[PDB]
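Residues per chain, in single letters:
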Number of protein chains: 2
Amino acid sequence: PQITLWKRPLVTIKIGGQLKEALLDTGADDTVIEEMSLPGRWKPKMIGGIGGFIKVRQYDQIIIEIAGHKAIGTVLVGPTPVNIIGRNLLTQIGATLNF
Amino acid sequence: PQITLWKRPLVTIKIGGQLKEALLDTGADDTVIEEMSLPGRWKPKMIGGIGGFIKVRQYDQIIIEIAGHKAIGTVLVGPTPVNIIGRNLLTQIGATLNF
Ligand SMILES: CC(C)CN(C[C@@H](O)[C@H](Cc1ccccc1)NC(=O)O[C@H]1CO[C@H]2OCC(F)(F)[C@H]21)S(=O)(=O)c1ccc(N)cc1
Ligand SMILES: [Cl-]
Ligand SMILES: [Cl-]
Ligand SMILES: [Cl-]
Ligand code: NA
């Protein structure tokens, strides 16, 4: 689709068997999701933000479905105020900014 | 143009006759730029992200060029880690997300 930016670009995702709403965020290098369980190994990470950092768990090789499109990549899990789909997974669904 | 997301979507902006680099950020409601001098009065605003909130100065009806496209609108100034072009000005330059 073509998504205008008059409102937040929110979409439905499927991750870990769960449906969630997430923000398509070209200003995010990586994907960050609110606390949930995911399978496999993880390692700690700090991720930056406009106001400072939060501690997250880094899970690699996680499959997500993003508005109907399957991707695989790293997902960070931690106390983000909103679920955000970052560039690491936006590239995989072929998302571009056009003007 | 059509901007892919394998790297950060950084463009040149021009504000107060100065060139700066800024990130095109669909996850930002608001344009926020690092400390600089802007004309006129400002109003207070609170904006929040990963790591919490920052206090910013809101300047309205500021002339800003973004990747060669003219915009005139609200610019927030504060301790953001990078200059961010948010949806309030992305809509003025006709940007959409596409996949
Ligand atoms: C700051 C920017 C360089 C990076 N961020 C992504 C942003 O898109 C962020 C994404 C974001 C969205 C919503 C809440 C938290 C973060 N938006 C944001 O801070 O926008 C602020 C300016 O306008 C307001 O609108 C949303 C806001 F946050 F409120 C304010 S981020 O959230 O800090 C971030 C950093 C690293 C990773 N991997 C993922 C995300
Ligand atoms: Cl990845
Ligand atoms: Cl104040
Ligand atoms: Cl505006
Ligand atoms: Na894994």
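What counts as what
- Residues numbered from 1 in each chain as written, not as in the entry; some residues may be left out.
- Chains lettered and ligands numbered in written order.
- Heavy atoms only, no water.
- UniProt positions renumbered as here; feature names shortened; annotations may be inferred.
- Helix = DSSP H or I, 4+ residues; strand = E, 2+ residues; numbered from the N terminus.
- Contact = heavy atoms within 4.5 Å.
- Salt bridge = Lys/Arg side-chain N within 4 Å of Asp/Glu carboxyl O.
- Polar contact = N/O pair within 3.5 Å; in protein donor to acceptor, adjacent residues only side chain to side chain.
- Nonpolar A, V, L, I, M, F, W, Y, C, P; charged D, E, K, R; others polar.
- Pairing = 2+ DSSP bridges.

- The PDB entry lists chain A under the name HIV-1 Protease, from Human immunodeficiency virus type 1 BH10.

Things to note about the UniProt feature "active site" in chain A
Right, so step 1: The feature "active site", as annotated in UniProt, sits at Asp25 of chain A in this numbering.
Right, so step 2: Tracing the sequence through the fold places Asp25 of chain A in the loop between β3 (18–24) and β4 (31–33).
Right, so step 3: Those residues in contact with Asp25 of chain A, other than ones at most four positions away along the chain, are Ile84, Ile85, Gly86, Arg87 and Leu90 of chain A together with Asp25, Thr26 and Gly27 of chain B.

A closer look at the interface of chain A and chain B
Right, so step 1: Chain A puts 40 residues into the contact, and the matching count from chain B is 39 residues.
Right, so step 2: Viewed at the interface, chain B and chain A are joined by two salt bridges.
Right, so step 3: Run the count over chain A and chain B and you get 23 residue pairs in polar contact.
Right, so step 4: Listed by contribution, the elements that provide at least two residues to the side of chain A that touches chain B are β1 (2–3), β3, α1 (87–90) and β9 (96–98) of chain A.
Right, so step 5: Sort the elements by how many residues they give to the side of chain A that touches chain B and β9 of chain A lands first, with three residues.
Right, so step 6: When its residues are assigned to classes, the side of chain A that touches chain B shows 20 nonpolar, 15 polar and five charged.
Right, so step 7: Bridging between β9 of chain A and strand β9 (residues 96–98) of chain B involves three bridges; their strand directions are antiparallel. Bridge pairing in β9 of chain B links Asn98 of chain A to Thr96 of chain B.

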